[PDB]
Ligand SMILES: *[C@@H]1O[C@H](CO)[C@@H](O[C@@H]2O[C@H](CO)[C@@H](O[C@@H]3O[C@H](CO)[C@@H](O)[C@H](O)[C@@H]3O)[C@H](O)[C@H]2NC(C)=O)[C@H](O)[C@H]1NC(C)=O
Ligand SMILES: *[C@@H]1O[C@H](CO)[C@@H](O[C@@H]2O[C@H](CO)[C@@H](O)[C@H](O)[C@H]2NC(C)=O)[C@H](O)[C@H]1NC(C)=O
Ligand SMILES: *[C@@H]1O[C@H](CO)[C@@H](O)[C@H](O)[C@H]1NC(C)=O
Ligand SMILES: *[C@@H]1O[C@H](CO)[C@@H](O)[C@H](O)[C@H]1NC(C)=O
Ligand SMILES: *[C@@H]1O[C@H](CO)[C@@H](O)[C@H](O)[C@H]1NC(C)=O
Ligand SMILES: *[C@@H]1O[C@H](CO)[C@@H](O)[C@H](O)[C@H]1NC(C)=O
Ligand SMILES: *[C@@H]1O[C@H](CO)[C@@H](O)[C@H](O)[C@H]1NC(C)=O
Ligand SMILES: *[C@@H]1O[C@H](CO)[C@@H](O)[C@H](O)[C@H]1NC(C)=O
């Protein structure tokens, strides 16, 4: 579908938050866009390990 | 009697990563680099609307198929919208050469 | 505990404190409590800031249009442009994934270093005045108030303060 | 010996033992011998396992066909596709080669850390009970049987066991 | 001071000496002075040599011709070859920039390790004979000539030389 909402990057599967560097979502894009991969996830650590006892 | 100890943080968090030397490596805090999600919409750039063909092929768009709205008002736009299988090719057939090149020329 | 603390000589983490990632646990007559090390904690977190800015910024995302399309008399360019783009996607994919693994590993090592450094700083004041105990902690042969705690936090002890009390309460042991 | 042992305070390696990459050499009245540290050794080797799986797997090899060919009226595409493919080959070549150098360097540092960690664990029990000697070793002011050896391997000493024997055999020195 | 010295237990640098990046500062009755550690300094600098040779050499620069040009009936190949080359430029740009940041970080850690190693080597001779002081330095309970300085540089002390002088001048303290 099509909607009045606004963005900076777009692809057939949806309009896209251009904040983050990467997608794994769909290669085709137009705009100021993240970059596609073949991956499941990508998550940097801010914190560190969690062990109670 | 009195004592001093080191200290550091843990929490209730179970957010994980994968790592060189261990997998599902739980941490307290994390950050997802990735934008794995899409809003499932066709928004527009910047306040600039895109062009829409609806059902039409580009031939039905450019040439002046009456069932395709001409839309001379659409002087410039953000990007072009089609479907994969546009309904309205040419009502009177005829080979259309350099479709690729034309569409590249009308990329923007 | 790559350098020997966390899953090292230290076993596990502590949920009691949430103000900052590092600190101490003070124990004295007035009582117990946790207290965060904002100095090195904030220094480190600024390191993470300059990191992630120096991760995201290294991309330059053009005003881009990805896709193309061709006939079946252009299969060279088709299968090419497939091979091209899949080439790149796999490359960026590969490099970025390695970068996530490495930089999280180096993040753990960064933390490990900071805590171990701090442990040696704690050790540096109280070398003979007070003893290693167990893991993670030091028992005093003297008594320490919250003034003594806060002083010992910011890198101040006055070595001759309880030097003699340690010099005697040691000697039974 | 980046962190100070191997070509550090330690000079050279030992061929006498082959069961595992780390261990101790015990010396006592019953005799001498080498004995491997399967705990940390196997932990490390599992690290290498998860590494190399996390090296090889990061590729995805398509069902591929590499090559093309053209006339001399297609020199653009020829010299292009040359520039393309040579571009990639050099890139993969460059990145992979760097990755070999780095990951072997980090492998040495991983080993260095593990041995140094373990040295501090050995040190942690026997701080005043027994002394540093030379490099790599500790002499006891008391006597140690194979029970004492095996106990000291798995992280058990009972500090007051030979505390007094050390407290007296020190005092001549 | 990742591992705890420079901006660690050490605060700042010294301009008095320029012969080599590391050394000692000797202080004795004959006077004061700085003196460089050419052994480990030169070893490290050879490490930097083998590094940068192993950075520059990893490129292979062909006898190259970069550019192309097309009509407006070849926009596919135009915008392609743009996307191609900009693809590569961004990739090389990205990887190389990361490599500069990382390798300078690892360079600092290399230095940090070397100085800390050396500090432990200095410590290794003079454990009870002479004391830690302040940061960066050791005070002797005995006296040391330039022979003693130069001997202590190359890894020689003769532990029983001033063992008794330390054994007595300690005991007032
Ligand atoms: C724009 O696209 C629409 C949707 O495809 C076209 O309408 C459809 O055109 C087909 C052409 O085969 C029609 O089928 C034919 O219907 C006639 C009877 O009207 C019959 O004689 C043929 O044997 C065949 O069955 C289909 O009914 C028609 N559907 C609708 C909803 O209109 C339309 O022609 C296109 N217009 C232009 C200007 O391109
Ligand atoms: C696009 O094509 C669809 C065909 O599915 C058109 O749908 C028709 O809409 C009219 C009312 O407008 C209905 O009476 C027909 O029954 C619909 N047909 C079908 C097959 O669903 C749609 O109108 C077309 N839209 C445009 C803008 O061309
Ligand atoms: C876009 O992403 C940023 C960062 O992830 C977030 O702060 C913002 O709320 C997001 N906006 C939308 C509309 O998704
Ligand atoms: C963990 O704590 C956070 C913050 O209090 C909260 O948002 C989250 O829901 C908690 N999760 C569970 C499982 O308790
Ligand atoms: C993480 O992986 C290990 C692999 O053996 C497994 O034991 C553990 O249950 C896993 N945890 C989660 C949350 O998947
Ligand atoms: C350190 O703490 C003591 C009290 O614990 C305080 O008097 C002193 O001002 C503090 N110094 C700094 C530099 O914060
Ligand atoms: C450690 O070794 C001692 C004997 O050397 C043995 O009695 C004890 O059960 C061992 N403990 C573990 C946890 O293996
Ligand atoms: C070390 O220095 C001493 C004097 O300071 C000298 O006699 C000795 O030969 C030196 N040894 C080496 C190996 O350079």
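Chains as they are written, first to last, in the deposited numbering: chain A, 274 to 326; chain B, 4 to 111; chain C, 501 to 673; chain D, 501 to 673; chain E, 501 to 673. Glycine included, every Cβ here is placed at the ideal spot set by N, Cα and C.
- [ ] Ignore the nearest five residues each way along the sequence and tell me which others in residue 541/E's own chain have a CB closer than 8 Å to its CB.
- [x] What you label residue 541/E is simply residue 41 of the fifth chain in a count that begins at 1. A distance below 8 Å between beta-carbons, with the five flanking residues on each side excluded, links residue 541/E to the following residues of its chain, in chain order: 520, 521, 522, 523.
Open item on the list: Would residue 316/A and residue 593/C be called neighbours here (beta carbons separated by less than 7 Å)?
Closed with: Counted from its first residue, the first chain places residue 316/A at position 43. Counted from its first residue, the third chain places residue 593/C at position 93. No; because the gap between Cβ atoms is not below 7 Å, this pair is not in contact.
TODO: Mind the definition here: the region 80-88 of chain B touches the region 43-59 of chain B only if three or more C-beta pairs lie below 8 Å; say whether that holds.
DONE: Yes: the two stretches touch, three or more of their Cβ pairs being nearer than 8 Å.
TODO: For residue 573/D, name the three-state secondary structure that DSSP assigns.
DONE: Counted from its first residue, the fourth chain places residue 573/D at position 73. Looking at residue 573/D - three-state DSSP - the assignment turns out to be coil, as it is neither helix nor strand.
Task: Buried or exposed by the 16-neighbour rule on C-beta atoms within 10 Å, applied to residue 502/C - done: What you label residue 502/C is simply residue 2 of the third chain in a count that begins at 1. Looking at its Cβ environment, which holds 16 or more other Cβ atoms inside 10 Å, residue 502/C is buried.
TODO: Check distances from the C-beta atoms of the region 33-44 of chain B to those of chain E and list, in chain order, the residues that come in under 9 Å.
DONE: Correct list: empty, as no residue qualifies.
Task: For ligand 4, residues whose Cβ lies under 7 Å from any non-hydrogen atom - done: With 7 Å as the limit between CB and the heavy atoms of ligand 4, the residues that fall short of it are 14/B, 15/B, 16/B.
Open item on the list: Quick check: the Cα distance between residue 309/A and residue 561/C, rounded to an integer number of angstroms?
Closed with: In the first chain, residue 309/A corresponds to position 36, counting from 1. In the third chain, residue 561/C corresponds to position 61, counting from 1. One alpha carbon belongs to residue 309/A, the other to residue 561/C, and they sit about 12 Å apart.
Task: Neighbourhood of ligand 3 [Cβ distance below 5 Å to any heavy atom], ordered by chain position - done: Those residues, listed in chain order, are 290/A, 292/A.
Task: Own chain partners of residue 612/D with C-beta closer than 7 Å, once the 5 adjacent residues on each side are dropped - done: As a working note, residue 612/D is residue 112 in the fourth chain. So the list reads 501, 502, 503, 505, 506, once near-sequence residues are dropped.
TODO: Note the first and the last residue of the continuous alpha helix (DSSP H) segment covering residue 106/B.
DONE: The sequence position of residue 106/B within the second chain is 103, counting from 1. Following the DSSP letters along the chain, one finds residue 106/B inside the alpha helix (DSSP H) bounded by residues 102-108.
Open item on the list: Does any residue of chain E have a CB that is nearer than 7 Å to the CB of residue 512/D?
Closed with: As a working note, residue 512/D is residue 12 in the fourth chain. No, its Cβ sits nowhere closer than 7 Å to a Cβ of chain E.
Open item on the list: So, at 7 Å on beta carbons, what are the nonlocal neighbours of residue 670/D in its own chain, with the 5 sequence-adjacent residues on each side left out?
Closed with: On the fourth chain, residue 670/D is found 170 positions in, with the first residue counted as 1. Spatial neighbours of residue 670/D in its own chain (CB-CB distance under 7 Å, excluding positions within 5 residues in sequence) are listed in chain order as 641.
Open item on the list: Checking 7 Å against the spacing of the C-beta atoms, do residue 570/C and residue 557/C come in under that value?
Closed with: If you number the third chain from 1, residue 570/C lands on position 70. If you number the third chain from 1, residue 557/C lands on position 57. Cβ atoms of residue 570/C and residue 557/C: not closer than 7 Å.
Task: Validate contact between the region 658-668 of chain C and the region 614-632 of chain C using beta carbons, cut 8 Å, 3 pairs - done: Below 8 Å, enough C-beta pairs join the region 658-668 of chain C and the region 614-632 of chain C to call them touching: three or more.
Open item on the list: Would the region 64-78 of chain B count as touching the region 13-30 of chain B if we require 3 or more Cβ pairs under 8 Å?
Closed with: Judged by Cβ distances under 8 Å, the region 64-78 of chain B makes no contact with the region 13-30 of chain B, as fewer than three pairs qualify.
Open item on the list: Is the separation between the beta-carbon of residue 107/B and that of residue 576/E shorter than 7 Å?
Closed with: Taking the first residue of the second chain as 1, we reach residue 107/B at position 104. Taking the first residue of the fifth chain as 1, we reach residue 576/E at position 76. Against a cut-off of 7 Å, the Cβ pair of residue 576/E and residue 107/B comes out as a contact.
Task: Contacts that residue 290/A makes with chain C (C-beta to C-beta distance below 7 Å) - done: Stepping through the first chain from its first residue, residue 290/A is reached at position 17. Correct list: empty, because the minimum Cβ distance to chain C is about 13 Å.
Open item on the list: With distance defined between alpha-carbon atoms, name the residue in 537/C, 514/C, 509/C nearest to residue 651/C.
Closed with: Locating residue 651/C in the third chain gives position 151, counting from the first residue. It is 537/C whose Cα lies nearest to the Cα of residue 651/C.
Task: Closest Cα partner of residue 644/E within the set 634/E, 539/E, 663/E - done: Numbered from 1 along the fifth chain, position 144 holds the residue referred to as residue 644/E. That would be 663/E, whose Cα lies nearest to the Cα of residue 644/E.
TODO: Out of 630/D, 604/D, 636/D, point me to the one whose CA is closest to residue 618/D's CA.
DONE: If you number the fourth chain from 1, residue 618/D lands on position 118. Nearest neighbour of residue 618/D by Cα position, chosen from 630/D, 604/D, 636/D, turns out to be 636/D.
TODO: May I ask whether a heavy atom of ligand 5 can be found less than 6 Å away from the beta carbon of residue 546/D?
DONE: To locate residue 546/D, count along the fourth chain from 1; it is residue 46. Proximity of the beta carbon of residue 546/D to ligand 5 is not indicated: no heavy atom of the ligand is located closer than 6 Å.
Task: Supposed close pair residue 649/E, residue 526/E - CB separation, criterion 8 Å - done: Counted from its first residue, the fifth chain places residue 649/E at position 149. Counted from its first residue, the fifth chain places residue 526/E at position 26. Right, the Cβ-Cβ distance comes to about 5 Å (below 8 Å), so this counts as a contact.
Task: Whole-Å CB distance - residue 304/A paired with residue 292/A, under 8 Å assumed - done: The sequence position of residue 304/A within the first chain is 31, counting from 1. The sequence position of residue 292/A within the first chain is 19, counting from 1. Rounded, the Cβ-Cβ distance is 13 Å, inconsistent with contact.
TODO: Under 8 Å Cβ to Cβ from residue 53/B, same chain only, skipping five residues before and after it: list those, please.
DONE: As a first step, residue 53/B is located in the second chain; it is residue number 50 there, counting from the start. Close CB contacts of residue 53/B within its chain, under the 8 Å cut and outside five residues either way in sequence, are with 45, 47, 80, 81, 82, 83, 84 (chain order).
- [ ] In the DSSP assignment, find the unbroken beta strand (DSSP E) run with residue 633/E in it and report its ends.
- [x] The sequence position of residue 633/E within the fifth chain is 133, counting from 1. For residue 633/E, the enclosing beta strand (DSSP E) has its first and last residue at 630-633.
Task: Any C-beta of chain E under 7 Å from that of residue 619/D - done: By one-based count along the fourth chain, residue 619/D stands at place 119. Cβ-Cβ to chain E under 7 Å: no for residue 619/D.
- [ ] In angstroms with no decimal places, state the Cα-to-Cα distance between residue 639/C and residue 5/B.
- [x] For the purposes of this step, residue 639/C is taken as the residue at position 139 of the third chain. For the purposes of this step, residue 5/B is taken as the residue at position 2 of the second chain. Taking the Cα positions, residue 639/C is about 7 Å away from residue 5/B.
Open item on the list: Can you determine whether any heavy atom of ligand 2 sits closer than 6 Å to the C-beta of residue 58/B, and answer yes or no?
Closed with: Along the second chain, one-based indexing puts residue 58/B at 55. At least one heavy atom of ligand 2 is nearer than 6 Å to the Cβ of residue 58/B, so yes.
TODO: Indicate the three-state DSSP secondary structure (helix, strand or coil) for residue 518/D in the structure shown.
DONE: Position 18 of the fourth chain, counting from 1, holds the residue named residue 518/D. Three-state result, residue 518/D: coil.
Open item on the list: Below 6 Å, is the gap between the Cβ of residue 29/B and the nearest heavy atom of ligand 8?
Closed with: Along the second chain, one-based indexing puts residue 29/B at 26. Not under cutoff, so the answer is no.
Task: Reduced DSSP secondary structure (H/G/I, E/B, other) of residue 657/E - done: Sequence index remark: in the fifth chain, residue 657/E carries index 157 (1-based). Note: residue 657/E maps to coil in three-state DSSP.
- [ ] Determine, using beta carbons only, whether residue 558/C comes closer than 7 Å to chain E.
- [x] Within the third chain, residue 558/C is the residue found at index 58, counting from 1. So, interface residue.
TODO: Residues of the region 592-619 of chain C with a CB closer than 8 Å to any CB of chain A: list them in chain order, please.
DONE: Listed by position along the chain: 592, 593, 596, 597, 600, 603, 604, 607, 608, 611.
Task: residue 584/D - DSSP class collapsed to helix/strand/coil - done: In the fourth chain, the residue the question calls residue 584/D occupies position 84. The DSSP-derived three-state label of residue 584/D is helix.
Task: Interface partners of residue 534/C on chain B, CB under 7 Å - done: On the third chain, position 34 is the one that residue 534/C refers to. By Cβ distance, chain B contributes 10.
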